[PDB]
Structure formats: structure tokens, C-alpha cells
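Below: the structure, in C-alpha cells.
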Number of protein chains: 4
Amino acid sequence: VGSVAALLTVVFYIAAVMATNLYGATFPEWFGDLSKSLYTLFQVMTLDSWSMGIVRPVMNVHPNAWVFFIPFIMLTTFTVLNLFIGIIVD
Amino acid sequence: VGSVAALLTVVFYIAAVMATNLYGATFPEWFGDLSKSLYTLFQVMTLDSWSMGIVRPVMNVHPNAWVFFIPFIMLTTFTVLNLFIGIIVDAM
Amino acid sequence: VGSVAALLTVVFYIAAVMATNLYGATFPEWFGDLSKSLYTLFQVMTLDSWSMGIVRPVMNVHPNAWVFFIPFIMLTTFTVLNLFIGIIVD
Amino acid sequence: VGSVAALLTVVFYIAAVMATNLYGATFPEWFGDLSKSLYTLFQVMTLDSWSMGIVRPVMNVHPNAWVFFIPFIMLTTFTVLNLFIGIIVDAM
Ligand code: NA
Ligand code: NA
């Protein structure tokens with residue numbers, strides 16, 4: 001359970017280190033520094049306006065941005081569910 | 001489990017083949033080619049602005065578009081949940 | 001399981017018969033007829049722009065509209081989850 | 001089960017007492033009184049436009065507003081899921 005959380009935080013930090021680098025210069029209010037990234041990736045992970053509000057405007061400059069966001073969503077949303085179930089079982 | 005994923009990908013491809021054909025010419029930014037469709041249907045499956053952002057504008061041109069999106073939502077959202085639970089069970 | 005679905009459809013029809021009557025004349029594109037209502041209540045049940053997009057503009061004319069939408073959300077979202085789990089178990 | 005609901009209502013009231021105080025004067029339509037707060041925190045708990053619609057505009061005046069909303073989300077969303085599962089188990 002704590003092991004699941006450990007994976008998720010490593011993933012969340014690596015995702016935010018990558019996101020800062022990729023879309024930081026072009027989208028500063030969303031990924032203009034590691035912290036700005038960690039917030040936006042938490043927002044993306046919750047699915048609040050992930051596509052219409054973030055990923056589509058991102059794709060208008062970086063057309064393949066989907067190769068990073070969609071897998072990230074698939075991976076982080078599975079982990080969160082897995083974790084939340086793990087606490088409930090334990 | 002892998003069988004559940006196999007169903008979902010077939011559904012996802014058939015849904016995107018259908019969606020391209022139906023609302024492609026009228027809504028090119030959303031379904032203007034199989035890939036554009038696969039992205040928008042993933043977005044619809046996650047429920048991000050499915051109605052206010054996609055389905056309602058689509059219905060303003062195709063008033064019965066709901067006969068395709070609502071069942072798709074019902075089917076894909078059930079499958080994803082069923083799949084995610086299936087992995088969790090098959091690990092215990 | 002089929003019993004759960006039966007409850008939900010009765011609730012969904014009564015909710016749409018009530019919604020048509022309450023906010024139909026004031027918000028025709030959302031509840032201007034039983035079918036328009038059934039669509040918007042499905043949208044509300046999925047939580048797509050339920051508050052910012054629907055319930056807040058509804059409350060600007062009917063300030064207590066929350067006494068209908070919030071319980072409806074609580075009830076329908078519980079039922080859907082209960083149903084989806086029921087199919088998975090059976 | 002009823003104990004889980006009891007925790008959530010205490011949390012929900014304390015969160016709305018805090019939220020009223022913090023962002024009430026600056027964002028009156030959202031937290032301008034305990035009731036306005038309880039509605040917006042329910043909306044945040046459901047995740048409807050939590051960030052783009054609420055938290056980001058809030059952060060433009062209070063840059064650390066995230067220290068309150070993100071933990072609240074983490075805590076309330078876990079509780080609701082835990083509660084909904086608890087009813088389902090206590091019926092079997
Ligand atoms: Na949403
Ligand atoms: Na959601």
C-alpha cells in the first residue's frame with residue numbers, strides 16, 4: 001500500500017520533471033517550473049479539463065503531446081484506484 | 001483480463017471508424033480522421049467535457065448523435081472499470 | 001442487479017418528469033421537454049459541467065435548485081456504482 | 001458506515017468554515033458565506049471544474065490555495081469512495 005504510494009510519487013515527480021522540460025517554454029502557466037507542472041499533472045490525473053482545457057491547446061504547438069498525457073492518465077488513474085482500494089482492503 | 005482489453009480495443013476502433021464517418025465532415029477538429037476520432041472518443045470515455053464540449057455542439061447539426069455517444073459511454077466506462085478491477089483481482 | 005437497473009430507470013424518469021416541470025420554462029435548452037431533461041440529467045449524473053455549466057446558471061433564477069440536483073447526484077451516482085459492481089460480482 | 005458519514009460531515013463543515021474565512025472576501029460568489037462554501041466544496045469534491053473553474057482563479061489572489069484544496073480533494077474523495085463501498089459491503 002505504502003509501496004504503491006512510493007511508485008506514484010516517483011512517477012509524479014519524473015512526469016513533472018519531463019513535463020517542465022517539454023511544454024514549459026511554450027505553456028508557462030501550466031508547466032513553466034517543476035511545481036507549476038506537479039499542479040497541472042495532478043489536475044490532469046483528476047481529469048479536470050485535461051483535454052479541452054490543457055492537452056488540445058498543448059497539441060496545437062506539440063501535435064504528439066498525446067503520447068505523454070494519455071499514457072500518464074492510463075498509468076496514474078490506475079495507480080490511484082489501486083491505492084484507494086488497497087487502503088480499504090488493509 | 002487481456003480478453004477484456006482486446007474487446008475494448010476492437011470497440012474503440014469500430015467506434016472511431018463509425019465516428020469518423022458520421023461527424024467527420026461536419027466536426028473536422030474532433031472526428032476529421034480515424035486518429036482525431038480515437039483521441040476524442042478517449043476524451044469522451046474519460047467524460048472530459050463530453051456533453052457541453054462535444055455532444056451538444058454535435059447534436060446541433062446531428063440531433064440524434066446521443067444514440068451513439070450515450071451507449072458508447074455506458075459500454076466503454078463499464079469495460080474500463082471492469083478491466084481495472086480485473087487486474088487488481090488477478091494480482092491477489 | 002436487474003432490480004437495481006429497474007429502480008434507476010424509474011428514478012431517472014421521475015427526476016426528468018420533475019426537472020421538465022421545474023426548470024423547463026426558464027431553461028428550455030436543458031429541460032424544455034421530458035427528453036431534453038433525460039439527456040441533461042444523464043449529463044448531470046456523469047458530472048460533466050454539472051455545477052459550473054448547469055446548476056449555477058439554474059440557481060441564478062431558482063436559488064434553491066440545489067435541493068433537487070445535489071440529492072439526485074448523491075442517489076444516481078451511488079446507484080450506478082452499486083449496479084456496475086453488481087454486474088462485476090455476478 | 002454511519003461513522004464514516006459522520007467524519008465526512010464534520011470535515012465538510014470545518015472545510016466550509018475555513019473556506020468562508022479564507023477566500024470569502026476575495027471570491028464572494030464561491031465562499032461568501034458558509035452555505036455558498038458548502039456548495040462550492042461539494043462541487044470541488046465531485047471535481048467539476050475544480051482547478052480551471054475554481055482553484056486557479058483562487059490562486060491568482062492566494063498563490064498557496066492549493067495547500068487547502070488538494071489535501072481536501074485527497075481526503076474527501078477517499079472518504080466518499082470508502083463510504084460508498086462500505087454501504088455495498090454492509091448490504092451483503
Ligand atoms: Na468532469
Ligand atoms: Na469525473
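Chain lettering (A, B, ...) mirrors the order of the C-alpha cells, residue numbering begins at 1 for each chain separately, and ligand numbering begins at 1 in order of display.
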
Task: At most 9 Å from ligand 1 (only C-alpha atoms and all ligand atoms): residue list as a PyMOL selection string - done: (chain A and resi 46-49) or (chain B and resi 46-50) or (chain C and resi 46-50) or (chain D and resi 46-50)

With only C-alpha atoms counted and 10 Å as the cut-off, give the residues of chain B in contact with chain C, each with its shortest interatomic distance in Å and the pair that gives it, as a Markdown table.
```
| residue | atom | partner | partner_atom | distance |
| --- | --- | --- | --- | --- |
| B:47 | CA | C:48 | CA | 6.7 |
| B:48 | CA | C:48 | CA | 6.9 |
| B:49 | CA | C:48 | CA | 5.9 |
| B:50 | CA | C:48 | CA | 6.9 |
| B:51 | CA | C:43 | CA | 6.6 |
| B:52 | CA | C:49 | CA | 7.1 |
| B:53 | CA | C:48 | CA | 9.3 |
| B:56 | CA | C:39 | CA | 9.9 |
| B:66 | CA | C:39 | CA | 8.3 |
| B:70 | CA | C:42 | CA | 8.7 |
| B:73 | CA | C:46 | CA | 9.7 |
| B:77 | CA | C:84 | CA | 9.6 |
| B:78 | CA | C:84 | CA | 6.7 |
| B:79 | CA | C:84 | CA | 9.7 |
| B:81 | CA | C:84 | CA | 8.2 |
| B:82 | CA | C:88 | CA | 6.5 |
| B:83 | CA | C:88 | CA | 9.8 |
| B:85 | CA | C:88 | CA | 8.6 |
| B:86 | CA | C:88 | CA | 9.1 |
```

Given the selection you just returned, output its residues as a file containing N, CA, C and O atoms, formatted as an mmCIF file, in the first residue's frame.
```cif
data_model
loop_
_atom_site.group_PDB
_atom_site.id
_atom_site.type_symbol
_atom_site.label_atom_id
_atom_site.label_comp_id
_atom_site.auth_asym_id
_atom_site.auth_seq_id
_atom_site.Cartn_x
_atom_site.Cartn_y
_atom_site.Cartn_z
ATOM 1 N N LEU B 47 -14.905 11.251 -19.869
ATOM 2 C CA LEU B 47 -16.017 12.177 -19.603
ATOM 3 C C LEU B 47 -15.615 13.645 -19.528
ATOM 4 O O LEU B 47 -16.400 14.448 -19.020
ATOM 5 N N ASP B 48 -14.404 14.010 -20.049
ATOM 6 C CA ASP B 48 -13.962 15.406 -20.059
ATOM 7 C C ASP B 48 -14.724 16.212 -21.096
ATOM 8 O O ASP B 48 -14.457 16.077 -22.292
ATOM 9 N N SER B 49 -15.641 17.085 -20.627
ATOM 10 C CA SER B 49 -16.475 17.962 -21.452
ATOM 11 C C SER B 49 -17.166 17.178 -22.575
ATOM 12 O O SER B 49 -17.245 17.655 -23.710
ATOM 13 N N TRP B 50 -17.631 15.949 -22.259
ATOM 14 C CA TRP B 50 -18.271 15.084 -23.242
ATOM 15 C C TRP B 50 -19.534 15.707 -23.813
ATOM 16 O O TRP B 50 -19.700 15.728 -25.031
ATOM 17 N N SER B 51 -20.399 16.242 -22.935
ATOM 18 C CA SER B 51 -21.662 16.816 -23.351
ATOM 19 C C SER B 51 -21.559 18.268 -23.754
ATOM 20 O O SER B 51 -21.784 18.569 -24.920
ATOM 21 N N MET B 52 -21.206 19.163 -22.828
ATOM 22 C CA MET B 52 -21.108 20.601 -23.101
ATOM 23 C C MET B 52 -20.063 20.965 -24.174
ATOM 24 O O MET B 52 -20.289 21.874 -24.974
ATOM 25 N N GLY B 53 -18.944 20.247 -24.178
ATOM 26 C CA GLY B 53 -17.848 20.493 -25.099
ATOM 27 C C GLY B 53 -17.925 19.762 -26.420
ATOM 28 O O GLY B 53 -17.421 20.293 -27.415
ATOM 29 N N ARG B 56 -23.280 18.100 -27.266
ATOM 30 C CA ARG B 56 -24.258 19.153 -27.534
ATOM 31 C C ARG B 56 -23.904 19.862 -28.874
ATOM 32 O O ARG B 56 -24.751 19.771 -29.773
ATOM 33 N N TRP B 66 -26.776 11.429 -29.802
ATOM 34 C CA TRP B 66 -26.892 10.820 -28.477
ATOM 35 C C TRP B 66 -27.066 9.294 -28.526
ATOM 36 O O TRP B 66 -26.603 8.614 -27.609
ATOM 37 N N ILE B 70 -24.051 8.228 -25.851
ATOM 38 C CA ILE B 70 -24.549 7.667 -24.577
ATOM 39 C C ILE B 70 -24.332 6.143 -24.453
ATOM 40 O O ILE B 70 -23.702 5.744 -23.466
ATOM 41 N N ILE B 73 -20.578 5.546 -24.070
ATOM 42 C CA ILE B 73 -20.177 5.918 -22.710
ATOM 43 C C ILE B 73 -20.507 4.776 -21.754
ATOM 44 O O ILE B 73 -19.604 4.257 -21.101
ATOM 45 N N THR B 77 -17.142 2.915 -20.382
ATOM 46 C CA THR B 77 -16.920 3.222 -18.970
ATOM 47 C C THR B 77 -17.107 1.980 -18.094
ATOM 48 O O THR B 77 -16.353 1.808 -17.137
ATOM 49 N N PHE B 78 -18.062 1.091 -18.445
ATOM 50 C CA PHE B 78 -18.243 -0.161 -17.707
ATOM 51 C C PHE B 78 -17.022 -1.050 -17.906
ATOM 52 O O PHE B 78 -16.499 -1.586 -16.929
ATOM 53 N N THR B 79 -16.605 -1.236 -19.175
ATOM 54 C CA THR B 79 -15.470 -2.070 -19.543
ATOM 55 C C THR B 79 -14.206 -1.636 -18.799
ATOM 56 O O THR B 79 -13.603 -2.485 -18.147
ATOM 57 N N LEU B 81 -13.731 0.136 -16.003
ATOM 58 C CA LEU B 81 -13.896 -0.165 -14.577
ATOM 59 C C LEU B 81 -13.701 -1.666 -14.329
ATOM 60 O O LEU B 81 -12.904 -2.046 -13.465
ATOM 61 N N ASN B 82 -14.405 -2.505 -15.127
ATOM 62 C CA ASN B 82 -14.369 -3.965 -15.084
ATOM 63 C C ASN B 82 -12.943 -4.469 -15.274
ATOM 64 O O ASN B 82 -12.514 -5.355 -14.537
ATOM 65 N N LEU B 83 -12.209 -3.873 -16.236
ATOM 66 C CA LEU B 83 -10.822 -4.195 -16.561
ATOM 67 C C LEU B 83 -9.903 -3.851 -15.393
ATOM 68 O O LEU B 83 -9.164 -4.724 -14.941
ATOM 69 N N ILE B 85 -10.553 -3.400 -12.270
ATOM 70 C CA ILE B 85 -10.875 -4.275 -11.137
ATOM 71 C C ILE B 85 -10.279 -5.684 -11.368
ATOM 72 O O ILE B 85 -9.714 -6.272 -10.440
ATOM 73 N N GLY B 86 -10.375 -6.164 -12.614
ATOM 74 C CA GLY B 86 -9.862 -7.456 -13.063
ATOM 75 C C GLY B 86 -8.366 -7.640 -12.884
ATOM 76 O O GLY B 86 -7.925 -8.738 -12.546
#
```

TODO: For stretch 10-19 of chain B, please output as an MDAnalysis selection string all residues within 9 Å (counting only C-alpha atoms; exclusion window: fewer than 2 positions along the same chain).
DONE: chainID B and resid 5:8 21:24 31 33:42 68 72 76

Write out the residues from the selection above, keeping N, CA and C atoms, as a compact mmCIF listing (two decimals), in the first residue's frame.
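Written output follows (selection-v6.txt):
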```txt
# COMPACT_ATOMS: atom_id res chain seq x y z
N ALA B 5 -9.39 -6.24 -22.39
CA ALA B 5 -8.61 -5.22 -23.10
C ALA B 5 -8.80 -5.36 -24.61
N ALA B 6 -8.79 -6.61 -25.11
CA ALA B 6 -8.99 -6.97 -26.52
C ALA B 6 -10.36 -6.50 -27.03
N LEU B 7 -11.43 -6.69 -26.22
CA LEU B 7 -12.80 -6.26 -26.52
C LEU B 7 -12.81 -4.74 -26.64
N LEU B 8 -12.27 -4.04 -25.62
CA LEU B 8 -12.20 -2.59 -25.57
C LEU B 8 -11.50 -1.96 -26.78
N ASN B 21 -16.76 8.62 -39.93
CA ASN B 21 -17.76 8.60 -40.99
C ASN B 21 -18.95 9.52 -40.72
N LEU B 22 -19.49 9.46 -39.50
CA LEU B 22 -20.68 10.20 -39.11
C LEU B 22 -20.50 11.73 -38.95
N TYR B 23 -19.55 12.14 -38.09
CA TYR B 23 -19.37 13.54 -37.75
C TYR B 23 -18.04 14.17 -38.20
N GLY B 24 -17.32 13.47 -39.09
CA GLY B 24 -16.05 13.93 -39.62
C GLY B 24 -16.13 15.17 -40.47
N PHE B 31 -13.47 14.67 -35.30
CA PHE B 31 -13.55 13.35 -35.96
C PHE B 31 -13.12 13.35 -37.44
N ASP B 33 -10.63 12.45 -39.11
CA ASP B 33 -9.81 11.31 -39.49
C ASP B 33 -9.75 10.32 -38.33
N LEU B 34 -9.61 9.00 -38.62
CA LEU B 34 -9.59 7.93 -37.61
C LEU B 34 -8.83 8.23 -36.34
N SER B 35 -7.63 8.86 -36.44
CA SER B 35 -6.79 9.22 -35.28
C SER B 35 -7.43 10.33 -34.43
N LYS B 36 -7.93 11.43 -35.09
CA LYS B 36 -8.62 12.56 -34.44
C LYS B 36 -9.80 12.05 -33.64
N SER B 37 -10.53 11.04 -34.21
CA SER B 37 -11.68 10.32 -33.64
C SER B 37 -11.27 9.54 -32.37
N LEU B 38 -10.21 8.68 -32.47
CA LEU B 38 -9.67 7.85 -31.37
C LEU B 38 -9.30 8.69 -30.14
N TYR B 39 -8.82 9.94 -30.37
CA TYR B 39 -8.46 10.88 -29.32
C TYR B 39 -9.74 11.43 -28.64
N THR B 40 -10.70 11.93 -29.45
CA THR B 40 -11.96 12.49 -28.98
C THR B 40 -12.79 11.43 -28.28
N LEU B 41 -12.79 10.17 -28.78
CA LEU B 41 -13.52 9.09 -28.12
C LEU B 41 -12.89 8.66 -26.81
N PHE B 42 -11.55 8.84 -26.69
CA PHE B 42 -10.84 8.58 -25.43
C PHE B 42 -11.27 9.67 -24.46
N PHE B 68 -25.50 7.29 -30.30
CA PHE B 68 -24.17 6.74 -30.46
C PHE B 68 -23.29 7.02 -29.23
N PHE B 72 -22.11 4.32 -26.13
CA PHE B 72 -20.65 4.20 -26.13
C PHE B 72 -20.11 4.46 -24.72
N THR B 76 -18.12 1.60 -22.73
CA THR B 76 -16.68 1.80 -22.51
C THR B 76 -16.34 2.09 -21.07
```

Task: Residue neighbourhood stretch 25-30 of chain A, 9 Å, only C-alpha atoms, exclusion window fewer than 4 positions, as a list in words - done: residues 20, 21, 36, 37, 39, 40, 41, 54, 58 and 61 of chain A
